[PDB]
Amino acid sequence: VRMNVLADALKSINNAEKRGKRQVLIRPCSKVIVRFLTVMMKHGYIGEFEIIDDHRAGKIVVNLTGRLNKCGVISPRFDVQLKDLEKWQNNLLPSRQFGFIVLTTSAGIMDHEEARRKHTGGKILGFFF
Amino acid sequence: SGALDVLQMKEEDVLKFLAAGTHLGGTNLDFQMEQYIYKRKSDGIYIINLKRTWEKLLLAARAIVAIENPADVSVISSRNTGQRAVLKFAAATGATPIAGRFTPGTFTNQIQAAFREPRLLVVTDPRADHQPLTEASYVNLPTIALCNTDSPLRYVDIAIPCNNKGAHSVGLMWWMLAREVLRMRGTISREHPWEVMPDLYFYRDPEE
Amino acid sequence: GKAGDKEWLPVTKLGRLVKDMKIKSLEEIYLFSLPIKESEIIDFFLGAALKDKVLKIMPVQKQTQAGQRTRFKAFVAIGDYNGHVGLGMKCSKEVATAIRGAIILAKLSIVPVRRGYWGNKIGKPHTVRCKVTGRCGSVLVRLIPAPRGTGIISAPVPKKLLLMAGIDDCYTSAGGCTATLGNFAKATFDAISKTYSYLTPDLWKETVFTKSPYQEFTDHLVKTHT
Amino acid sequence: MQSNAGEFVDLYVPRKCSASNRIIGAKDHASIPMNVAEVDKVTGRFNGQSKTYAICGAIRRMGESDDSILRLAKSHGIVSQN
Amino acid sequence: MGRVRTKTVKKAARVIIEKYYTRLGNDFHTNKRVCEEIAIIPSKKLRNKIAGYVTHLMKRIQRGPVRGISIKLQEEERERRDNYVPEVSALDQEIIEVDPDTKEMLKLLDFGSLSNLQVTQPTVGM
Amino acid sequence: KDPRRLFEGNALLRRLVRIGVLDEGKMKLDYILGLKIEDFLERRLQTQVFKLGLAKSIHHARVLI
RNA sequence: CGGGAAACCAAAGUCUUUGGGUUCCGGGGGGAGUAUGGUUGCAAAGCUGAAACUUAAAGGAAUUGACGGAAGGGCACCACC
RNA sequence: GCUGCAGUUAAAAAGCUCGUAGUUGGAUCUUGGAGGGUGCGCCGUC
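Protein chains in written order, with my numbering: chain U, 8 to 136; chain E, 17 to 224; chain F, 183 to 408; chain D, 361 to 442; chain S, 186 to 311; chain G, 76 to 140.
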């Protein structure tokens with residue numbers, strides 16, 4: 008069955024972009040999916056998206072450009088300690104310079120750069136570049 | 017429209033097309049061709065969109081102009097129904113030829129005696145002419161093509177839906193292309209009609 | 183030097199532009215993705231002052247009617263020191279030919295490398311923009327950007343290829359049967375070549391681009407023959 | 361690809377597909393674009409002045425290059441009701 | 186059989202015939218003289234063997250076009266033959282007979298035409 | 076600016092400069108990363124006693140010292 | 001497309017760009033499913049399961065000959081008729 | 001072999017399923033303007 012819903016949305020995306028696709032319909036969506044789709048959006052890795060309202064759990068249409076090499080999800084959502092964030096981005100990001108680790112902290116779902124600036128930390132959601 | 021008016025449909029042409037039985041289309045659609053399809057006739061057969069067949073043909077024509085050296089557009093057919101057809105196209109527009117057994121190593125392979133470096137290939141059956149369509153994709157050359165409803169779309173950018181089951185459908189479409197290209201960047205002038213009878217394109221064949 | 187230059191004559195329009203001093207850098211070819219079939223083209227545009235190192239010799243064989251056969255296989259790598267490299271394997275009757283052909287093969291294959299900054303981009307790129315990996319029949323090489331002074335941390339054979347490519351500093355990790363040298367070098371070759379394929383945010387924006395020297399030079403590249 | 365003092369380094373900036381916005385990289389010679397002529401309106405008279413699109417090896421091997429051209433040609437004309 | 190002409194011979198025959206058809210003949214004796222005029226052949230046995238096979242060809246050509254040989258005269262002959270066209274065959278005779286739907290094909294194509302209806306029955310696969 | 080990075084970085088630099096091993100623009104960390112062995116080796120006695128006549132050999136120098 | 005050493009594989013794909021859930025077994029080959037204790041069995045046997053010692057390849061896949069009392073094969077009085 | 005292994009054929013998915021512990025669990029409840037750090041010659045950049 009389902010343990011997580013994010014992992015499906017992310018994968019669906021990745022296969023869309025790999026095909027050469029410019030849109031996807033993910034299902035079923037969640038506040039966390041929105042928040043993650045949103046961080047991606049702010050940065051350029053996707054275009055605009057749209058939450059369609061079935062009387063159920065939702066369905067999202069993402070319009071994607073093609074700046075996206077990969078958006079992954081980290082499971083389980085490990086706790087990170089401010090100097091485990093430095094260790095994570097190195098593990099899974101292309102160059103020190105770019106790509107984001109996106110985690111969930113007490114003060115919001117955020118990319119790790121925003122994390123560093125706020126100076127808060129938490130549990131790791133996923134990534135992209 | 018687009019480029020602005022006259023260039024639209026002309027009953028005169030929609031008449032030659034319907035006459036030549038182009039739009040008739042294959043019973044097996046194929047997925048990448050679904051757009052061309054107007055409607056499915058009862059007793060299985062599909063009606064191609066001549067309007068669409070038209071406009072793409074013009075789009076093709078335009079891409080053939082813009083190649084500066086007309087010789088280096090290669091019109092190609094191993095199919096019989098398209099052999100006199102392409103020979104004629106090459107006579108009018110610059111356009112060098114490749115009929116019959118394409119001969120493998122013609123695009124890749126300097127050494128060979130049919131070595132050609134076209135800047136544009138136009139093919140008549142993507143299934144029969146698969147070799148040229150493959151070789152072309154080994155060396156960055158764009159492709160116009162003859163496609164019925166169930167033809168390979170791989171490595172062909174620009175299709176002009178036809179009928180290619182045959183008759184004059186293959187004749188007319190090569191005719192109209194040459195007619196179109198001579199109009200554009202040529203010198204027919206006055207996207208007015210033909211001193212050339214389209215039959216001149218069209219397959220020959222046998223003798224008793 | 184004086185030995186009497188040959189008389190290259192070109193099969194290919196791309197070649198004519200090159201000899202004519204119409205095409206001056208490989209970049210034109212690379213941007214256009216023109217295929218290169220005449221080795222001299224590579225030779226004229228670069229390669230001049232590009233050094234070729236022979237990586238391996240190992241012999242093989244297959245069975246005849248009346249028993250055996252055996253022959254020499256040479257692995258050659260070519261590259262300046264900056265940003266260009268190629269790799270060629272050949273097997274031939276004689277070592278000299280095997281090497282001579284291998285070099286030709288390597289040159290045809292010459293590939294772009296995108297070299298980048300570990301992070302603070304001062305005084306020009308020392309390493310790689312991102313991390314790129316390549317696989318060849320179960321060997322896989324991963325290149326990782328590294329800080330200055332790190333150098334090429336790779337096996338000797340790989341270090342040699344990366345060196346010619348013109349990479350200063352890079353971390354590597356290799357998995358698979360590293361022993362089978364032809365495979366390992368091939369994967370690393372794929373790895374480096376992949377750098378151009380990476381799209382970074384720097385690259386995000388587009389472009390009238392180019393008309394292609396083939397088109398502009400078109401007359402030029404139909405001489406007076408046939 | 362800036363350097364220290366806003367300088368432009370490494371060695372080239374590749375063209376990007378007209379359909380997928382993905383780098384044409386650099387030795388993939390199973391890919392090409394397509395110069396469409398501009399017309400001096402009115403009609404005929406090829407006048408330059410290319411309208412041009414570049415299509416990736418990928419799209420073409422997946423049995424697109426064509427349509428992509430049409431989204432491309434109509435969206436920017438010519439081509440209408442496609 | 187035992188005498189199967191080899192390429193060096195067979196080639197020369199195709200060769201001469203291509204550039205010599207109106208000169209050459211039906212008869213061994215004369216081409217043999219002709220090969221002296223139109224070709225330089227080193228031994229007499231070869232030249233004979235050539236003259237001979239090319240004659241066997243000429244004998245065949247002069248009874249039906251042969252699989253891989255072309256000469257200016259044969260091209261001209263095919264050219265003229267490849268003209269034919271009668272009263273002409275379609276007509277098709279007053280009135281096309283349609284299969285209907287093909288009738289509905291015109292009916293919903295905005296197109297007048299001649300007519301006839303006989304289109305019914307389904308319709309097995311295989 | 077990170078008290079740890081500031082306090083120790085500046086110190087490493089100042090130490091590296093007192094010995095001449097390092098220079099100012101270097102004299103930031105971004106430059107030590109792009110440095111080498113000669114730069115140290117150049118500061119030993121032996122090569123200096125050459126470097127101002129008072130030896131005329133890296134040789135002479137070491138036996139002198 | 002993509003995977004795999006390939007044979008192959010629309011799953012053996014989405015695996016160095018390595019992270020959807022869970023469960024099980026393997027770490028060179030032989031000694032060995034053997035010894036020994038436990039357990040189940042009327043019995044035959046089953047489950048769990050070592051070591052000492054032995055040894056540098058065991059093995060997989062593809063490629064090619066050689067060779068066949070495998071199939072279509074041919075050719076020659078150095079073969080038969 | 002957490003990070004970071006392999007198990008169709010190489011050493012390795014129990015004949016199959018039920019099933020407690022253990023592990024694992026769908027969507028959904030709040031919505032430019034200036035202050036301070038270091039670079040570049042009174043101006044600004046981040």
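Ideal placement from N, C-alpha and C gives every residue a C-beta, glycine not left out.
Three-state secondary structure (DSSP) of E:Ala175: Working through the second sequence from its first residue, we reach residue 175 of chain E at position 159. Correct three-state label for E:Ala175: strand.
DSSP three-state call for S:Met243: helix, strand or coil? Here residue 243 of chain S corresponds to residue number 58 of the fifth sequence, with the count starting at 1. DSSP places S:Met243 within a helical segment (H, G or I) once states are collapsed to three.
For the segment 50–65 of chain E against the segment 168–179 of chain E, are there 3 or more C-beta pairs whose distance is under 8 Å? Yes: at least three Cβ pairs fall under 8 Å.
Tell me the rounded alpha-carbon separation between G:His134 and G:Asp114. Residue 134 of chain G sits at position 59 when you count from the first residue of the sixth sequence. Residue 114 of chain G sits at position 39 when you count from the first residue of the sixth sequence. Put simply, the backbone Cα of G:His134 is about 20 Å away from that of G:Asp114.
Candidates D:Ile419, D:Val373 and D:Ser363: which alpha carbon is nearest D:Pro393's? Counted from its first residue, the fourth sequence places residue 393 of chain D at position 33. It is D:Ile419 whose Cα lies nearest to the Cα of D:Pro393.
Mind checking who F:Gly357 pairs with in its DSSP beta bridge? Within the third sequence, the letter at position 175 stands for residue 357 of chain F. According to DSSP, F:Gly357 bridges with F:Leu322.
According to DSSP, simplified to helix, strand and coil, what is U:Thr112? By 1-based counting over the first sequence, the position of residue 112 of chain U is 105. Correct three-state label for U:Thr112: strand.
For a test of your reading of the model: does the CB of G:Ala136 fall under 7 Å from any non-hydrogen atom of the ligand MN? Yes or no. In terms of ligand content, the structure shown is empty, and the ligand MN therefore cannot be addressed.
Check each candidate in F:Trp386, F:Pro294 and F:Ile260 and name the one with the smallest Cα separation from F:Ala230. As a working note, residue 230 of chain F is residue 48 in the third sequence. The alpha carbon of F:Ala230 has as its nearest neighbour, out of F:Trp386, F:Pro294 and F:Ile260, the alpha carbon of F:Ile260.
Distance, F:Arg311 Cα to F:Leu345 Cα: Position 163 of the third sequence, counted from the first residue, corresponds to residue 345 of chain F. Position 129 of the third sequence, counted from the first residue, corresponds to residue 311 of chain F. Take the alpha-carbon of F:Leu345 and the one of F:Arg311: they are about 17 Å apart.
Tell me whether the beta-carbon of U:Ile59 lies closer than 8 Å to the beta-carbon of U:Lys49. Along the first sequence, one-based indexing puts residue 59 of chain U at 52. Along the first sequence, one-based indexing puts residue 49 of chain U at 42. No, the Cβ-Cβ distance between U:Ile59 and U:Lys49 is not below 8 Å.
F:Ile349 to F:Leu287 span [Cα, whole Å]: To locate residue 349 of chain F, count along the third sequence from 1; it is residue 167. To locate residue 287 of chain F, count along the third sequence from 1; it is residue 105. Using only the alpha carbons, I get a separation of about 22 Å.
Rounded to whole angstroms, what is the Cα-Cα separation between U:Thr45 and D:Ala390? As a first step, residue 45 of chain U must be located in the first sequence, where it is residue number 38. As a first step, residue 390 of chain D must be located in the fourth sequence, where it is residue number 30. Cα to Cα, U:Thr45 sits roughly 36 Å from D:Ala390.
S:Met290 versus chain E: which residues are under 7 Å apart at the beta carbon? To locate residue 290 of chain S, count along the fifth sequence from 1; it is residue 105. The contacting residues are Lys57.
Return no unless some Cβ of chain E is closer than 8 Å to the Cβ of F:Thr194. As a first step, residue 194 of chain F must be located in the third sequence, where it is residue number 12. Taking 8 Å as the threshold, the shortest C-beta distance from F:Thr194 to chain E falls below it.
Extent of the continuous beta strand (DSSP E) run through F:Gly301: Locating residue 301 of chain F in the third sequence gives position 119, counting from the first residue. Careful: F:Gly301 lies outside any beta strand (DSSP E) and carries neither H nor E.
Could you name the residues of chain D that E:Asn156 contacts, counting a contact when the two beta carbons are closer than 7 Å? Here residue 156 of chain E corresponds to residue number 140 of the second sequence, with the count starting at 1. Those are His389, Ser391 and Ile392, listed as they occur along chain D.
Please identify the residue among D:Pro374, D:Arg431, D:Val439 and D:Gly385 whose C-alpha is closest to the C-alpha of F:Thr392. Walking along the third sequence from the start, residue 392 of chain F turns up at place 210. Of the candidates D:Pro374, D:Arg431, D:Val439 and D:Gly385, the residue whose Cα lies closest to the Cα of F:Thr392 is D:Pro374.
The segment 146–157 of chain E contacting the segment 27–39 of chain E, beta-carbon criterion three pairs below 8 Å: At 8 Å Cβ cutoff, the stretches do not touch.
7 Å Cβ shell around E:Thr122 - same chain, five flanking residues per side excluded: Translated into positions along the second sequence, residue 122 of chain E becomes position 106. These residues qualify, in order along the chain: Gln128, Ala130, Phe131, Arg132 and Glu151.
Counting only Cβ-Cβ distances shorter than 9 Å, please list the residues of the segment 429–440 of chain D near chain E, keeping chain order. Cβ contacts with chain E come from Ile429, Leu430, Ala433, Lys434, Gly437, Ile438, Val439 and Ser440.
Within 8 Å (strictly less), CB to CB, does U:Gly73 reach chain D? Along the first sequence, read from residue 1 onward, the residue named residue 73 of chain U stands at position 66. Yes, because at least one Cβ of chain D sits closer than 8 Å to the Cβ of U:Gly73.
Taking 8 Å as the CB-CB limit, is E:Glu151 close to chain F? For the purposes of this step, residue 151 of chain E is taken as the residue at position 135 of the second sequence. Closer than 8 Å to the CB of E:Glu151 there is not a single CB belonging to chain F.
At least one CB of chain E closer than 8 Å to the CB of D:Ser410: is that the case? Locating residue 410 of chain D in the fourth sequence gives position 50, where the first residue counts as 1. Closer than 8 Å to some Cβ of chain E, the Cβ of D:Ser410 qualifies, so yes.
Are the C-beta of E:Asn85 and some C-beta of chain F separated by less than 8 Å? Position 69 of the second sequence, counting from 1, holds the residue named residue 85 of chain E. Yes - at least one Cβ of chain F is within 8 Å of the one on E:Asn85.
Could you tell me whether any Cβ in chain F is nearer than 8 Å to the Cβ of G:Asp77? The residue you call residue 77 of chain G lines up with position 2 of the sixth sequence. No, no contact with chain F.
Straight-line CA distance for F:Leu363 to F:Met271? Mapped onto the third sequence, residue 363 of chain F falls at position 181. Mapped onto the third sequence, residue 271 of chain F falls at position 89. Using only the alpha carbons, I get a separation of about 11 Å.
Run of the alpha helix (DSSP H) containing E:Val30, from where it starts to where it stops: For the purposes of this step, residue 30 of chain E is identified with residue 14 of the second sequence, where counting begins at 1. Its alpha helix (DSSP H) spans residues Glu27 to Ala35.
Could you run through the segment 83–108 of chain U and flag, in chain order, every residue whose CB is less than 8 Å away from some CB of chain F? Listed in sequence order: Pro101, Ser102, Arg103, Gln104 and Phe105.
From S:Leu209, S:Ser255, S:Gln278 and S:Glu264, pick the residue whose C-alpha is nearest to that of S:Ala236; which is it? Stepping through the fifth sequence from its first residue, residue 236 of chain S is reached at position 51. The residue with the shortest Cα to Cα distance from S:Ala236 is S:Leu209.
Using a Cβ cut-off of 9 Å, which residues of the segment 87–110 of chain G contact any Cβ in chain F, in chain order? Cβ contacts with chain F come from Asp105, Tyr106, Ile107, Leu108, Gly109 and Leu110.
Just checking, does the segment 89–104 of chain G make contact with the segment 315–331 of chain F on the three C-beta pairs under 8 Å criterion? Per the Cβ contact rule, the segment 89–104 of chain G is not in contact with the segment 315–331 of chain F (fewer than 3 Cβ pairs under 8 Å).
So if I threshold CB-CB distances at 9 Å, which residues from the segment 203–217 of chain F count as touching chain E? For the segment 203–217 of chain F, the set of positions with a beta-carbon nearer than 9 Å to some beta-carbon of chain E reads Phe214, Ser215, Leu216 and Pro217 in chain order.
How about F:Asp384: is its C-beta nearer than 8 Å to some C-beta of chain D? Stepping through the third sequence from its first residue, residue 384 of chain F is reached at position 202. Closer than 8 Å: yes.
Can F:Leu381 and U:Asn76 be called in contact, C-beta distance under 8 Å? For the purposes of this step, residue 381 of chain F is taken as residue 199 along the third sequence, with counting starting at 1. For the purposes of this step, residue 76 of chain U is taken as residue 69 along the first sequence, with counting starting at 1. Contact flag set, yes.
Since F:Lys255 is in the beta strand (DSSP E), which residue starts that stretch and which ends it? To locate residue 255 of chain F, count along the third sequence from 1; it is residue 73. Counting along the chain, the unbroken beta strand (DSSP E) around F:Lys255 starts and ends at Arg253 to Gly261.
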